[PDB]
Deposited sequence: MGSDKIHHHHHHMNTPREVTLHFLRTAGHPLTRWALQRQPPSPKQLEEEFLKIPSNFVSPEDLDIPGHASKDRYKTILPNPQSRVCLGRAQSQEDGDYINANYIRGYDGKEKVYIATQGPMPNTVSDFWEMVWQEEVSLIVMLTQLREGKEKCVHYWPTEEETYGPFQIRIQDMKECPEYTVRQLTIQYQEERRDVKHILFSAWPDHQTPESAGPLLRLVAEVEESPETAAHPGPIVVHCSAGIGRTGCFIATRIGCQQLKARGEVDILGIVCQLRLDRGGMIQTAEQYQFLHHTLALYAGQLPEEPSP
C-alpha cells in the first residue's frame, strides 16, 4: 500500500463518535485532541497532480491547490476565457450529500471574473466570506459594477453585531438572480473566532437564508487560502446538523470527509479544539 492508499484509507475510515453527553461533560482531553489532529492526513495535492497550465497565476498560495477529483471546472458558457481553472472544490455536506458547498479562496484581482462566472454557472445564491479587519479584494460593488459579462448590483446592506449581510443581484442577458452575501470579520487566519457564540449565529444566519430553488446550488464559503477558516465553518455546520439529527457528532469523521473534498481543511489543532468547544455549546441549545 502506497502513501496515497494509506492516506485515502485513513480518511475514508477514521472516526470518533461523541455523544452529546460526552461532548458536553467528558470530551477528549486537550492532549488527546492534539494527537488526534496530528494524525489526520492533509490530502494536499502536489503540483505534479494537476496538469492545468497557467494555474499558478490563479493561486494565492503555491502549495494550496484544488484536488482534481472535486475541482470546480469553469465551462465558460458565458465568456470566451481560456481553460477551466478556479482554485475551488465542491464540498459534501451532512451525510455525504453532494455539492452542498464550494470551498474556495477569496478572489485575487485577476480572478474576480472567474469567481462571478463560478457563482453563475453553479447557481450560487449564498456566499459566506470569512475574514479579519487588518487583512482579500472587495469583489462586490458599492452600487453597481460589471464583471466580465455579469452585472452585479447591491440592493441592501445590513450590519449585524457579528457580520454584515449584503443582498446582491447578478444578471446575465435577460436573467437576474438574487445572491445573499455574509461577511464575517474578526476571524484571523490560523486562529479561531473570539468565542463560539458569534460563529453559531453565523451558522444560524446561513440556515435561515431563503431556499427557493428546486435544486439548490452549493453555498460558497471562502477565506484567504480557502481551507482553514472555510474548513472550520463547514465542519461546524455539519457538526450542528449531526448533533440536532442524531444527538451525536463524529468530529474526526467530519474533518476526514472534508479533506477528501479539499486537502488541508482545518489548519491548526487549536481550530480543531475550538470545533469541540463550539459544538459543546450548540449541544446545550438543543431540546431535551
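Not built in the structure, per the record, are deposited positions 1 to 13, 149 to 152, 306 to 309.
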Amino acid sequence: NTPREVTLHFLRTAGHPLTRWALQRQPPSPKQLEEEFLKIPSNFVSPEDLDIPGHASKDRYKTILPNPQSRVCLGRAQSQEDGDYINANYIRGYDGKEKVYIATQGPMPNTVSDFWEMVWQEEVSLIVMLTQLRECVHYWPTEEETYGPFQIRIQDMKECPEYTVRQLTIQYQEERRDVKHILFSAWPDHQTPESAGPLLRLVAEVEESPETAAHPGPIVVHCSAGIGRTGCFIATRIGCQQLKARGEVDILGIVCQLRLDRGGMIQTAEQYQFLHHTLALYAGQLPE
From here on, numbers count along this sequence of modelled residues.
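Comparing the deposited coordinates for 124 to 132 and 147 to 155, the stretch with the larger average C-alpha B-factor is 147 to 155. Remark: stretch with higher mean C-alpha B factor among 269 to 277 and 15 to 23 is 15 to 23. The PDB entry assigns the greatest CA B-factor among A204, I102, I182, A77 to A77. Remark: of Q171, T192, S209, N89, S209 shows the highest value [criterion: C-alpha B-factor in the PDB entry].
In this PDB entry, the Cα temperature factor of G239 sits in the bottom third of its chain's modelled residues, the lowest group.
Ranked against the other modelled residues of its chain, the C-alpha B-factor of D82 as given in the entry falls in the highest third.
In this PDB entry, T230 carries a Cα temperature factor that places it within the lowest third of its chain's modelled residues. Among the modelled residues of the chain, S46 sits in the highest third by CA temperature factor in this PDB entry. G253: CA B factor in the lowest third of modelled residues in this chain (values from the PDB entry).
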